[PDB]
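Here we start with a single chain on its own, the form deposited without this ligand, put down as structure tokens.
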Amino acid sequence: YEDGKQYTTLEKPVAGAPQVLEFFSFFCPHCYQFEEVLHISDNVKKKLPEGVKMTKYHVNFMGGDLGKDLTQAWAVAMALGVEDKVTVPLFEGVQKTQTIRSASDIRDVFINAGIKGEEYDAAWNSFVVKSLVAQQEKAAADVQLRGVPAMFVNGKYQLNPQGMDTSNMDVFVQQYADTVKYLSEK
């Protein structure tokens, strides 16, 4: 694992940043395969060292105001701690079936998952959610993020995908998780 090949280093690291921060967008195609198809996130967590947890933030430069809403809906997910319950249906409802067309549609997804409407609305307007929306926006700009998907380790190292083996699809996935596993151990 060398700098400039499998990963890179930021000329300005981010203090207080999560151990493993991922950036995605329910609108991005790459992001769809990054998880729904390839399942890169899960593979990473399978090789993640003890005590090390991952964090995923939704970006808002895609999909217009609806994206600005998905980012807030993503904050509700983290607030109530139901990330693993809404991720899949949101990815499908937006890109696959194409049912999710507004905040009203998103609300229905959370309800169908198990969250109550009043519980959703209360959270939707809570300060914890507000802190998260700004926290996510703050984090994105902090790493001078240009596009998604993208993963960062210890707020200093950025994952470099195309700088890794991409012949066999089943290998690229493992190599990525390993680089993360290696950078987390630093």
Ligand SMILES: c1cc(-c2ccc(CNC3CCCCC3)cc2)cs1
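Only residues modelled in both forms are compared. Rigid core here is just the name for the largest C-alpha set that superposes within 1.5 Å across the two forms. Don't overthink the numbering: it's just position in the shown sequence, from 1.
Just so it is clear, the following notes concern the form solved in complex with this ligand, a form of the same protein that is not shown.
Between this ligand and the residues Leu132, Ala123, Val153, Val148, the one pair within 4.5 Å by heavy atoms in the bound PDB entry involves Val148. Site residues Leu48, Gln174 and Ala177 are none of them in contact with this ligand in the bound PDB entry, judged by any heavy atom within 4.5 Å.
Taking non-hydrogen atoms only, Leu38 approaches this ligand to within 4.5 angstroms in the bound PDB entry. Taking the partner from elsewhere, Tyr157 is found to have every heavy atom lying beyond 4.5 Å of this ligand in the bound PDB entry. Contact annotation: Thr9 falls outside 4.5 Å of this ligand in the bound PDB entry, judged by heavy atom distances. If you take 28 to 61 and check each residue for a heavy atom within 4.5 Å of this ligand in the bound PDB entry, you get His30, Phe34, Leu38, in sequence order. Against the superposed rigid core, the only consecutive-residue run (3 or more long) showing CA movement of at least 2 Å between the shown form and the other one spans 163 to 170.
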